[PDB]
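Participant: Before I ask anything, here's the sequence and the deposited coordinates:
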Amino acid sequence: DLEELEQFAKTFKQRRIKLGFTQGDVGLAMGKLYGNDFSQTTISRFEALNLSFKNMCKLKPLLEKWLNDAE
C-alpha cells in the first residue's frame, strides 16, 4: 500500500544518497541487473508516488533486492 511505498521509497532515496548514488548510478546498476530504468527520473517518480500503485508494487521489491545487492 501507499503507506509502505512512500516511506520505503523515501528511505531507498536516503540509502541511495548515503551510497552517493547520484546522476544515475542506481540506474546503471539496475541497467546491468534488471534493465535500464530509474535514470533518476523513475526514482523521483517513485518517491513522488507518480506511478499510482500498479507499477510501484512490482517496483518496490526490485528496489529492495537492489538495496540488498548494492552493485
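Facilitator: That came in fine, so what should we check first? Numbers count the residues shown, from 1 in each chain.

Participant: can you tell me which residues contact the residue nearest to residue 29 when sequence neighbours are not counted?
Facilitator: Distance criterion CB to CB, 6 or more residues apart in numbering; nearest residue to residue 29, sequence neighbours excluded, is residue 71 at 4.4 Å. For every residue, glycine as well, the C-beta is placed using N, CA and C. Contact analysis of residue 71 by CB atoms under 8 Å, 6 or more residues apart in numbering lists 29, 32, 33.

Participant: Likewise for residue 31?
Facilitator: Taking CB under 8 Å, 6+ apart as the contact definition, residue 31 lies against residue 37.

Participant: Tell me the spacing between it and residue 2.
Facilitator: Distance check for residue 31 against residue 2: by CB to CB, to the nearest Å, it reads 27 Å.

Participant: Equivalent analysis for residue 55, please.
Facilitator: Residue 55 is 13 Å from residue 2, where distance means CB to CB.

Participant: again with residue 70
Facilitator: From residue 70 over to residue 2 (counting by CB to CB), the distance is 26 Å.

Participant: what secondary structure does residue 52 sit in?
Facilitator: At residue 52 the chain is in coil, as set by DSSP: H, G, I helix; E, B strand; the rest coil.

Participant: Can you show me the strands along the chain?
Facilitator: Shown for the chain, no strands are assigned by DSSP state E.

Participant: out of the contacts of residue 71, which are buried?
Facilitator: Among those, those that count as buried by neighbour count (16 or more other CB atoms under 10 Å) are residue 29.

Participant: just curious, which of the contacts of residue 71 is nearest to residue 42?
Facilitator: Taking CB to CB as the measure, residue 42 sits nearest to residue 29 out of the contacts of residue 71, at 13.3 Å.

Participant: Spit out the contact partners of that closest one.
Facilitator: Applying CB under 8 Å, 6+ apart, the residues near residue 29 are 21, 66, 69, 70, 71.
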